[PDB]
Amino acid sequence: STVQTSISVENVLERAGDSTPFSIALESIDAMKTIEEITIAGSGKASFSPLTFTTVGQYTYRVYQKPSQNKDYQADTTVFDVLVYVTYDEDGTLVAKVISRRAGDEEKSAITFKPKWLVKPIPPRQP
């Protein structure tokens, strides 16, 4: 009748104790609209609000990190595809199967963002 699933996101900062916030957007490819945005302060995990499904099908989403409001950081530009396979099983109950992968290479991967600290040594031009 109904199935639910949550999408979890991880943010990894290089400097421990840095609590710089970053925003993660979940957008529906089927609906062509932004579903939800969450925030992670520093390094941590978070989840979007659960998604309900009542009909079999394959549902497509994208997850990406919004640009960094702290000009000292560069947000992770990796984009993730999330596919939800809503099916029935032997007992006749609605079941969801969530697969995340990187939108480029398309290998299975957890949704992990690693924004870049910009206060780094300048790439030199030697003598």
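Throughout, we count residues from 1 along the sequence that is shown.
According to the PDB record, 118-126 carries the higher mean C-alpha B-factor of the two stretches 3-11 and 118-126. When the C-alpha B-factors of 83-91 and 60-68 are averaged, 83-91 comes out higher. The entry assigns its greatest Cα B factor, within the set 52, 39, 78, 28, to 52.
In the PDB entry, a CA B factor belonging to the lowest third of its chain's modelled residues is recorded for residue 24. Residue 103: CA B factor lies in the lowest third for its chain, per the PDB record.
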